[PDB]
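> Provided herewith is a single structure, encoded as structure tokens, for subsequent inquiry.
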Amino acid sequence: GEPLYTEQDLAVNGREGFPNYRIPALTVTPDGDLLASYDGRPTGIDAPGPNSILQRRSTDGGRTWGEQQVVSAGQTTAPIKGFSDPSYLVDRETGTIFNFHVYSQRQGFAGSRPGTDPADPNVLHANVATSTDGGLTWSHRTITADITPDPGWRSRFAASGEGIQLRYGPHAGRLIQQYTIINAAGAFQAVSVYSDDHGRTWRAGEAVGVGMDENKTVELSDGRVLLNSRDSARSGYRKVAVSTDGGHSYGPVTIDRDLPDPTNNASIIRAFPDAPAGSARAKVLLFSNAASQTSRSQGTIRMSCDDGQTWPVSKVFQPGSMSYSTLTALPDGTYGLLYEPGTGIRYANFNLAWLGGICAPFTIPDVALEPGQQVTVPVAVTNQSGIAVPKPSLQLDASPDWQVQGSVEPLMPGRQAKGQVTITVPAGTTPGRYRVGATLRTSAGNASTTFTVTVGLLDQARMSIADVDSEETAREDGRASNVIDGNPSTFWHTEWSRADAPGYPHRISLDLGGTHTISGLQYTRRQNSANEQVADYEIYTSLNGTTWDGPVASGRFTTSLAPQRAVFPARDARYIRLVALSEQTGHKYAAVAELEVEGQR
Ligand SMILES: OC[C@H]1O[C@@H](O)[C@H](O)[C@@H](O)[C@H]1O
Ligand code: NA
């Protein structure tokens, strides 16, 4: 009906007893009470810090909130004890509420030492506060032994937010709470901690991935359990994995490109928790995170209607600073959101009318053209339920002096619609990769996508490596071939340490895959490291591949994270070579994220 979005702060840094309030966790008790838990940081730091687990309660749907009570109190005086990162799990069958959190003594997550002994002050323990009276009183347990099946698991912490109780299949009733472990090999993995006896005993299942962190799980419409992870390896995205069992294991982990993330926590819940298996309502997910890849800001709620395959809906709830966010389905049909705005922890409530709308994900392919060209590309839209939409619009978002227009036929229930986009780009358009936003406007809600229009660059898929002076391939993936894959997150790296290899006259040559008239080369520095940045370069070209002619260009490029051009009077060439002569701060390695060649296909 009428759109709703209201907010209020539950904790304000400096007020009510603590200098710092962080890490939100939201839930709704069986009686309909809302419970909000967060850390109270007297020192403004996580574990080993003397943090406390607090709690505020709302008995009127989230409008008014009670006083801040303590769930797990940390000791500031020696010996120092702390409680951090809460995560709620409500057993809807029995009514018990679990608040999972970290119990620290001397070490935190990165410094915890092997062991399961509650007494050992050097391991980071996994605790659980249990309540059978709605959250009023709690009973504490240290469950580290129960969940550390492999002695190599030297550290752990429960991903804050809220866990889940399975409703479908043979493992229906099972409580699952996600964790992050540090194995023997030093790797950060994800593991599900579950209980089949309503929480009396907790076992850990099989660990997943490498470079994982705070992860989240949801039950799909068919009973499958999807996992959505923060990526410690910082690719600017969420890692996802899925499971089909009850001794818990997930298949391969992959990066989801529809979900940008600045390596931060995020929520993913079932929009209709009590829907039947297989139904449309059972397929609707809500995900909240910070959409920025360089900052913890641009907090946005996204919506899926096909179990997480597509994410057509999105809307920003906090354009400004936004870090951790947690979601919860309220019994009135709305959704509760607890997040970090930089001032502490704030509570928000919104309904689906406020999101925009329409479950009509659409695809528009990636286009390559020469400046001064026009191209028309097809649009394919997949439609949802009570949606017979006779007049939908297509609003494209591009560079102002580019003419972009689009149209789509009507949307009929359960059918696919067709359409097209015409892009005309001017002759003086600088070669590059262009992101074009697409918005399917309809009187029943929003639906958006993005495609890429590449102007004036050759096709990398036709490119290969002719030669390279050195590639790091033992300790990491520093392959010369990572420059031609269209991903700034992967890089070529010169054979680095743990093998005292060559120094600076470094070089990489590309086989363009046929003769082309080229006038330039663009290069992108390695993004998350500053010590292998190329300074002085020289470009050489060739048609036979053995006799090289140049330097066709020379220069010193900057420390810019975006692509940098190296232009030269057009010429025919089958091969292009970049000779790196020095590094920005005199270091010995070279790493290039991407190499783009400007020319005519
Ligand atoms: O020795 C190579 C490595 O050195 C590290 O100090 C650096 O942070 C890494 O990005 C990698 O370059
Ligand atoms: Na790359």
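For the structure tokens, the naming scheme is as follows: chains receive sequential letters (A, B, ...) according to their order of presentation, residues are indexed from 1 within each chain, and ligands are indexed from 1 in presentation order.
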I'd like the neighbourhood of residue A:125 as a PyMOL selection string, where a residue qualifies if any of its atoms comes within 10 Å (using only C-alpha atoms), though same-chain residues fewer than 6 positions away should be ignored.
chain A and resi 83+101-105+107-109+112+115-119+142-145+155-158
> Could you list, as a list in words, all the residues within 8 Å of ligand 2, counting only C-alpha atoms and all ligand atoms?
residues 481, 482, 483, 484, 485, 486, 487, 488, 489, 490, 491, 492, 592, 593, 594 and 595 of chain A
> Using only C-alpha atoms and all ligand atoms, which residues have at least one atom no more than 6 Å from ligand 1? Output them as a PDB file with N, CA and C atoms, in the first residue's frame.

ATOM      1  N   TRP A 496      57.944 -12.877  -7.612  1.00  0.00           N
ATOM      2  CA  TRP A 496      58.416 -12.187  -6.422  1.00  0.00           C
ATOM      3  C   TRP A 496      59.205 -13.032  -5.429  1.00  0.00           C
ATOM      4  N   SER A 497      59.515 -12.441  -4.274  1.00  0.00           N
ATOM      5  CA  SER A 497      60.286 -13.078  -3.211  1.00  0.00           C
ATOM      6  C   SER A 497      59.967 -14.558  -3.008  1.00  0.00           C
ATOM      7  N   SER A 529      47.563  -3.029  -3.933  1.00  0.00           N
ATOM      8  CA  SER A 529      48.950  -3.035  -3.482  1.00  0.00           C
ATOM      9  C   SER A 529      49.666  -1.901  -4.177  1.00  0.00           C
TER      10      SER A 529
END
> To one decimal place in Å, what is the distance between atom CA of residue A:5 and atom CA of residue A:317?
8.5 Å
> Give me the residues near residue A:56 as a tab-separated table (two decimals) with N, CA and C atoms, in the first residue's frame, where near means some atom within 7 Å (using only C-alpha atoms) and where sequence neighbours in that chain fewer than 4 positions away do not count.

chain	number	residue	atom	x	y	z
A	35	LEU	N	13.75	-7.68	19.56
A	35	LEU	CA	14.93	-7.65	20.39
A	35	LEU	C	16.09	-7.14	19.55
A	36	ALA	N	16.77	-6.12	20.05
A	36	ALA	CA	17.96	-5.57	19.41
A	36	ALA	C	19.13	-5.71	20.41
A	37	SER	N	20.20	-6.36	19.94
A	37	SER	CA	21.43	-6.55	20.69
A	37	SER	C	22.58	-5.93	19.87
A	65	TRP	N	11.20	1.73	22.58
A	65	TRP	CA	12.16	0.73	22.99
A	65	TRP	C	12.54	0.87	24.44
A	66	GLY	N	12.63	-0.26	25.13
A	66	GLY	CA	12.96	-0.23	26.53
A	66	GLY	C	14.41	0.12	26.87
A	67	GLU	N	14.76	0.01	28.16
A	67	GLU	CA	16.09	0.35	28.59
A	67	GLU	C	17.11	-0.67	28.18
A	68	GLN	N	18.34	-0.19	27.99
A	68	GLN	CA	19.50	-0.97	27.59
A	68	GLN	C	19.92	-1.89	28.74
A	69	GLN	N	19.70	-3.19	28.58
A	69	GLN	CA	20.05	-4.15	29.61
A	69	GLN	C	21.28	-4.94	29.16
> Near residue A:510, counting only C-alpha atoms, which residues have an atom at most 8 Å away, once you skip same-chain residues fewer than 6 positions from it, shown as a list in words?
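Neighbouring residues, sequence-local ones excluded: residues 463, 464, 465, 466, 467, 575, 576 and 577 of chain A.
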> Would you put the residues from that selection into a file with C-alpha atoms, as an mmCIF file, in the first residue's frame?

data_model
loop_
_atom_site.group_PDB
_atom_site.id
_atom_site.type_symbol
_atom_site.label_atom_id
_atom_site.label_comp_id
_atom_site.auth_asym_id
_atom_site.auth_seq_id
_atom_site.Cartn_x
_atom_site.Cartn_y
_atom_site.Cartn_z
ATOM 1 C CA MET A 463 44.555 -11.851 -27.372
ATOM 2 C CA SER A 464 47.282 -14.038 -25.918
ATOM 3 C CA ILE A 465 50.707 -13.669 -24.422
ATOM 4 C CA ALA A 466 53.575 -13.609 -26.863
ATOM 5 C CA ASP A 467 56.300 -13.352 -24.187
ATOM 6 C CA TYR A 575 51.875 -7.570 -31.530
ATOM 7 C CA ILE A 576 52.266 -4.898 -28.842
ATOM 8 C CA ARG A 577 54.884 -4.851 -26.060
#
> Applying 12 Å and only C-alpha atoms, which residues near residue A:201 remain after dropping the ones on its own chain fewer than 4 positions away? List them as number ranges by chain.
A: 128, 141-147, 174-176, 193-197
> Go ahead and save the residues from that selection, with C-alpha atoms, as a short mmCIF file (atom, residue, chain, number, x, y, z; two decimals), in the first residue's frame.

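Dumped everything to again30.cif:
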data_model
loop_
_atom_site.label_atom_id
_atom_site.label_comp_id
_atom_site.auth_asym_id
_atom_site.auth_seq_id
_atom_site.Cartn_x
_atom_site.Cartn_y
_atom_site.Cartn_z
CA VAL A 128 25.99 -18.96 23.57
CA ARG A 141 27.75 -21.81 27.73
CA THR A 142 31.16 -21.88 26.08
CA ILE A 143 30.73 -24.29 23.14
CA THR A 144 34.22 -24.17 21.60
CA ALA A 145 34.93 -27.88 22.04
CA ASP A 146 31.57 -28.85 20.54
CA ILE A 147 32.36 -26.90 17.37
CA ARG A 174 17.53 -27.46 12.53
CA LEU A 175 19.09 -24.24 13.89
CA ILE A 176 22.09 -22.99 11.84
CA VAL A 193 27.23 -24.61 13.33
CA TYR A 194 23.98 -26.48 13.75
CA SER A 195 21.78 -28.22 16.29
CA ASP A 196 19.26 -30.99 15.67
CA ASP A 197 18.06 -31.19 19.25
#
> Residue A:219: which residues within 10 Å, counting only C-alpha atoms, same-chain residues fewer than 4 positions away excluded, as JSON, numbers by chain?
{"A": [164, 165, 166, 167, 168, 223, 224, 225, 226, 227, 242, 243, 269, 270, 273, 282, 283, 285, 307]}
